[PDB]
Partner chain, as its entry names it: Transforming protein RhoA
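Consider the single chain below, provided in C-alpha cells and representing the form deposited without its partner chain.
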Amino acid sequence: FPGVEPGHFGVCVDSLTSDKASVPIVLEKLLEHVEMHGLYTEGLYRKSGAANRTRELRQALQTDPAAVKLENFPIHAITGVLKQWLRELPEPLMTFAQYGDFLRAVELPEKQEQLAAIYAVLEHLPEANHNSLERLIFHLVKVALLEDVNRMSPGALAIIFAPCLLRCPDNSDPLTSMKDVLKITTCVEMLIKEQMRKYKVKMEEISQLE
C-alpha cells in the first residue's frame, strides 16, 4: 500500500507502538481525556452517542489523532469510538490464542486460584497487548472508583468491555458460546476488582505524610 498511511483503526496493536510510545497514541489520548473530563458522567461507556458524531470522531482520529480537539466532541461519542477501536482490532486485545486459557482460569473451583490463573495468562500476553490492556484496566479502575457518581460498577464495566477484549475464534463450537460470555465477563470483572482492591490499599499509604 504505497504512500498511504495505515491509520489507527483496524490495524494491529503492535504496529501502533514503539520505543517512544508503549501504548497506542489513540488509546492513550481517548482514555486520558475521559479521565480528565468524563469520570463523573452517569452511564459512562453504557450510554451511546450519536452515530454520525461518533463516525466523525473516528474519521478525525484516523488521519491524525494528536490534532483532534476532543473537547469539541460529546462524551458518549468519545466512549463510543473507544469501544469501537477495541472491536476493530484485527485481533481482540487479549488475543485469540489465549482465549481458552482465560476460560480455563475462571473455570477453577476457588477464587484465589482463579485470580492466580488469570494473572498467569496475563504474563504470556504479547508486549503491545499487555501494555494496552494494562492501561485500559487501570482506566476502568478509575471509573469504577466513582461508581457512586457515574453508576458504573466493575460488573457493569465488565459486561460492556469483556466482549470487546475477548472474542471466541470463529472455529469454535457455537453451542458453548452460551456459557463463554458469562465466563469472559467474570474474568474481566475479577481483574478490575482485584486491581481496584490493590489500588485502595496502596492509596491509604499514599495519603500519609510520614
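Residue numbers count along the first chain shown, from 1.
Quick note: we don't show the form deposited with its partner chain bound, though the next part is all about it.
Contact annotation for the candidate site: 159, 167 and 185 all lie close to its partner chain in the bound PDB entry (heavy atom within 4.5 Å). Comment: 40-48 is the region of 137-145, 62-70, 25-33, 40-48 lying near its partner chain in the bound PDB entry, near meaning a non-hydrogen atom within 4.5 Å. Residue contact check for residue 124: none of its heavy atoms lie within 4.5 Å of its partner chain in the bound PDB entry. None of the heavy atoms of residue 104 is located within 4.5 Å of its partner chain in the bound PDB entry. At a distance threshold of 4.5 angstroms between non-hydrogen atoms, residue 84 is in contact with its partner chain in the bound PDB entry.
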